[PDB]
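Quick setup: one chain, the form deposited in one PDB entry, written in structure tokens, and binding and motion questions come after.
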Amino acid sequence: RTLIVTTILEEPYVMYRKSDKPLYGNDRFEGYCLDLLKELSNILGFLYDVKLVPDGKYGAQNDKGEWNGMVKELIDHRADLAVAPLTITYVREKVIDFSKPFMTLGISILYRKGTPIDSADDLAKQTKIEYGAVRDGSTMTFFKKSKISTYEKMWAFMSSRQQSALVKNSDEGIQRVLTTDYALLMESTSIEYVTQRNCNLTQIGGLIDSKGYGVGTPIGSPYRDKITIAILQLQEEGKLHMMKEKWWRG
């Protein structure tokens, strides 16, 4: 009767709740995706048990085509839903079902206020102002694998000089923006999170690519269509926006 929900630790979607006593159930966790799950459970009417994906991965294939991560938990029917910031992608959609996205995002520009810089093309066109992304992440990988001429050119500049314009992780990139003349190309959701906490920083321009986070279900799940309708209901009602404000607020 109780649905098993696979998720992953990722701020502010899923986090351990602060407490002294050790905790044991769903009370261990908080965040946007926990609130989303609660709202879904009260629209569709279900009990759930949250279980962190044991390998801590979203889901990718190895050289043999074997899956890992939350995707593999779904494939193997060890979870009924994946409620997490799980990106809807071609290779994943072939092996699991996704709801329509509860959040849409893309790459944007994190910079400083008070500049004539107001576009990504306003960077590919010049060299005075430098730019990078987090090493080995989704954004860097976008630029590295791109065949769009303008982003290839931007990858060429980011990876030049021993890739010095890249950074180890998001926390490191934020500090490099805070302490140096540096712009972090990164997901709009993270930029929004950061600007809420740093008033001289802002997002520049719109989204460079587009993607969505959806709820994953095993193929054939009866919950996929139900959850899509529920997400759309929550969106129409403004509740997705309220939840995002609660967890991104600064």
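In case it trips you up, residue 1 is the first one in the sequence shown, and so on.
Per-stretch averaging of Cα B factors for 167-175 and 129-137 places 129-137 on top. Judged by mean Cα B factor in the deposited record, 22-30 ranks above the other of 22-30 and 45-53.
The PDB entry assigns the greatest CA B-factor among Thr104, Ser108, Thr87, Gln162 to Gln162. Comparing the listed residues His77, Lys153, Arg92, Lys144, the entry records the largest Cα B-factor for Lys153.
In the PDB entry, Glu66 places in the middle third of its chain by CA B-factor.
Split the chain's modelled residues into thirds by C-alpha temperature factor. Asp35 is in the lowest one. Among all modelled residues in this chain, the alpha-carbon of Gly59 has a temperature factor (C-alpha) in the lowest third. In this PDB entry, the Cα temperature factor of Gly206 sits in the top third of its chain's modelled residues, the highest group. When the modelled residues of the chain are ordered by C-alpha B-factor, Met186 sits in the middle third.
What comes next is about the form deposited in another entry, which is not displayed.
When the chain shifts between this form and the one not shown, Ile43 and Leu123 travel apart, each with a separate rigid block.
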